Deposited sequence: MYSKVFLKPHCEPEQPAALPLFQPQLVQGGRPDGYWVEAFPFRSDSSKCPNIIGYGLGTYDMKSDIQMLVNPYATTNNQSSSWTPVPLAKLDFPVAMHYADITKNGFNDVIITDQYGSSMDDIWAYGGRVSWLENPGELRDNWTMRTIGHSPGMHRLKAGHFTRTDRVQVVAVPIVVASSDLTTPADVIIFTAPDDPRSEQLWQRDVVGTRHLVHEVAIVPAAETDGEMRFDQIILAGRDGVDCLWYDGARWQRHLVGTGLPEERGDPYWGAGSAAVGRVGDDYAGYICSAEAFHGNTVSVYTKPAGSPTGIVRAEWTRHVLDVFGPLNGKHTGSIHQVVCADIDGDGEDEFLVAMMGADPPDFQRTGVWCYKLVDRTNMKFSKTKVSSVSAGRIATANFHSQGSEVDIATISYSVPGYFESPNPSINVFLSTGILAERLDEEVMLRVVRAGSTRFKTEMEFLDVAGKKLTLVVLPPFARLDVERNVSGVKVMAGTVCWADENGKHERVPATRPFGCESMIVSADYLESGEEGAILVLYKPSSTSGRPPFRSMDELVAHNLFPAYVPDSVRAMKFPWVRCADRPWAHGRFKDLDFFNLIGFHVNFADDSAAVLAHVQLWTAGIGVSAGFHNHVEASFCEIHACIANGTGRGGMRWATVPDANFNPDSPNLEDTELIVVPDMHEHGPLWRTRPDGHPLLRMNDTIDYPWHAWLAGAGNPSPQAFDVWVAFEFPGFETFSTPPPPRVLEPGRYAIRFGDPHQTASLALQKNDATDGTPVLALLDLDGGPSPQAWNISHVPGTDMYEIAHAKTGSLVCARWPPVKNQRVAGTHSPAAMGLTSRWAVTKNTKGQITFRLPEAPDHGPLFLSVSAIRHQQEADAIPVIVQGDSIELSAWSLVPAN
């Protein structure tokens, strides 16, 4: 339902210091699979250096991968290669390369016997130098694609020259269809028909038949050139043409007009929601062609109108600019394509024209797009695929544009940008993990990080309602943001950031899978390990932890060790904890990736051997709300104590254990909040802005340390938030859509947002349900995860019912998307009276009474908070829509 945010990108330098650069392609070794494909990259070479067509091997294809290196394999070595594509010609499950070469060095140096089109035979294993067989020749051959254009039982290739001879920008060239013979393995010329003639075709794009949802039997050909952008397709019996548009208008003395490039973008069920374009040849102009809303799906049945989106600046003496290609891909996984624009770079340099721009369709109705910079290093061509994982995330690969006589990007290279919801950076001894918001990602991301105590601690982000397969009764989880859910014989089991104060949850997932809630989830997954020991842990050498980060995280992170250090030896000990078998392991900041850089939670680990107290403390030093999750309980008796006396009354240095209560925290459990809270759940704060705690500590089970057995536990340090209430109030309400009514079996009125106006600070009222009145306004009432409170949000606008500052007797009420922190004036405790009427109470402020949502009288009645009159605060809830 909610707008999708962009993922994060982890850059990896695939191959650097290239001699030249021009083409890059996502190359699946097999035609059955599209997982972790390889990359093919090259440049045109020169008259001295034949160009190496390099098939760079994808590290993350080999399972349990350690390498970040892309092993280059020379597929072939060729005089001026230009364009390429692939398909399974031998029809054996292996992808063959099809490539144009013998082009020449420029549109001014065209080889008259050249423009060779050849295919390279995939031997089914990674050897170099593949067998080459010629398909055909046509001078100036400059782009091609494989597919099924007039038949399905055989590979066909469409191939087009940009010009027919040196310096000739006026003669149109032949749109050529080559057909595989029955035994392509005999050297012989491939059958050819010419299917049209065009001026300066600079790009060929294809729409596979399968994508058209039964509209076409064959692939459509989309040409961008001086004639503009058009669609060429075969119906079984004939070729036909449909003009999409004419592209840049000509200007005298400039031989370049029309289009340089074009792609077809999916929007929902329509494989062609729009067509984007770059203009003209190597131009600086981005435009999009649209079709009236309610148009038929596809290309040929709609008339298209051109809208210019940006001009990235003027052109030079050669009449060129900085745009070489556009492509479409679904970058944020919301089911509509974004488009990428390959910025070659400029002379003099200009970041605006270097790298990749990603344009998002923000408004499907008005066809408005907005742009974001994805990368700022030269992009001469762009390829998309998922280069690292099984899901439908989309990574971007690029190659610097460096071509003698056009533009030569300094330090030319191939890079890939790995889409991910988790990015890792070394700080010093601890790692910074930046995470996307779960609510707005459409992608699951897992990143393993530490192998310790029989477990692989894995950071996982889940999108709303996503599913996670686990190992029943073995896999453990700990929620840091959001909620996750599972079902067994007993019903639903939900995990939030913190369970009920002083409580104790099992982390073990007893089902075959879990699912995240409405807001998605961010959690630590405890995967069973065999590489980090088995309890009971009798010594600290047994608990040596191993770096788990995957090969695409940066090297300085992969190189990190996380040792256990005796607490006495940490720089914060100051002579404390001498002689204690008490150890610490740091550490991991999990923080939001967005512009807030807000903390999610800091995470670190501890151990204690038999009889060891971790020392009573109270967190006056630094502010946070801590939850612990024990991995191994040395004795089955270790756990948390807190003092039950006031603080003056307890001596942390010589503790009177009887003034404490113990909560055993068993293998793979987590405990509830121990800090002091106000009754609706807000945390008590000390005078120096720290969360207020009673004296507390982790104590290992007593006994003799022989044989030894270590407690091992993880610490989750959250910033302040509202938790559960004291006492826990009864459940008297279902989340749902409702009309909220006041009055009796005689004359009633309903809760309303004045004129349904979305503006922050719009008043909330009771509108008399009149004779021929408006119908009652719908409110979404919902439960606040990890609390006993509810929020009321306007069904149409989203606006939360909220008391104006400050919440006092007789205070007005309004709508807002700008709640106070911890929703102080926009959350509610519910009671149900014996009649069935609902009351909504504010968090009770320090020195004032309870304040309830209320009418002020008996043509709108205004809505205040007050607490003197029961009668004015009783509401009836009618399910609404």
Deposited-sequence stretches lacking C-alpha coordinates, listed in sequence order: 1-13, 872-877
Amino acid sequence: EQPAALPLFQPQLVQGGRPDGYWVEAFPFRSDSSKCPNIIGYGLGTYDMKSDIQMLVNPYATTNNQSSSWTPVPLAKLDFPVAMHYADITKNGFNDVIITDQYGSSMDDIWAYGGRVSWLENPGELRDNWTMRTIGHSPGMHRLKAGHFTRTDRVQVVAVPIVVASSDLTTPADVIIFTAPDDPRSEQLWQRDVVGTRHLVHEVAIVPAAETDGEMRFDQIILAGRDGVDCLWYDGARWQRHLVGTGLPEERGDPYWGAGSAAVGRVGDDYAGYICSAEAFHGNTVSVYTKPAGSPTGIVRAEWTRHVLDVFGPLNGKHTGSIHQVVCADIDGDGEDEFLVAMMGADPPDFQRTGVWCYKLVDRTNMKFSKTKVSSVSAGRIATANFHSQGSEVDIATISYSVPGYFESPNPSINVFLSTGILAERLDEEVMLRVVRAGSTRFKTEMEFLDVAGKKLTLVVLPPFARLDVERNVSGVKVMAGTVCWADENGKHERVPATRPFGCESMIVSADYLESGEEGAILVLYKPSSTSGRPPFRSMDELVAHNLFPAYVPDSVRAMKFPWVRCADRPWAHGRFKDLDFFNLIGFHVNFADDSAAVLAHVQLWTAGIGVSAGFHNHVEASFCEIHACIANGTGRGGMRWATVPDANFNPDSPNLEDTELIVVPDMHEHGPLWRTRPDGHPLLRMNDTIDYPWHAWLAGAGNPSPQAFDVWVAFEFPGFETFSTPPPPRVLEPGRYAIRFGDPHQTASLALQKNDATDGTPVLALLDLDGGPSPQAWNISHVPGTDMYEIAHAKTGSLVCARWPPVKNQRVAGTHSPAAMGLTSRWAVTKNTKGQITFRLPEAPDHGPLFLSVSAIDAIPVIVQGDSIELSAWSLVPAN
From here on, numbers count along this sequence of modelled residues.
statement: Higher of the two mean Cα B-factors (802-810, 448-456; per PDB record) comes from 802-810
- request: Can you let me know which of the two, 158-166 or 769-777, has the higher average C-alpha B-factor in the entry?
  value: 769-777
query: What's the residue among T171, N473, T690, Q390 with the greatest CA temperature factor in the PDB record?
result: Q390
message: Looking at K796, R538, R353, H696, which one carries the largest C-alpha B-factor according to the PDB entry?
response: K796
message: Using the temperature factors of the C-alpha atoms in this entry, rank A874 within its chain: lowest, middle or highest third.
response: highest
message: Considering every modelled residue of the chain and its Cα B-factor in the PDB entry, is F588 in the lowest, middle or highest third?
response: lowest
message: Splitting the chain's C-alpha B-factors into thirds, which one does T723 fall into?
response: lowest
task: Taking the values exactly as deposited, rank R252 by C-alpha B-factor within its chain and report the matching third: lowest, middle or highest.
output: highest
task: Select lowest, middle or highest to describe the third in which the CA B-factor of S506 falls within its chain in this entry.
output: middle
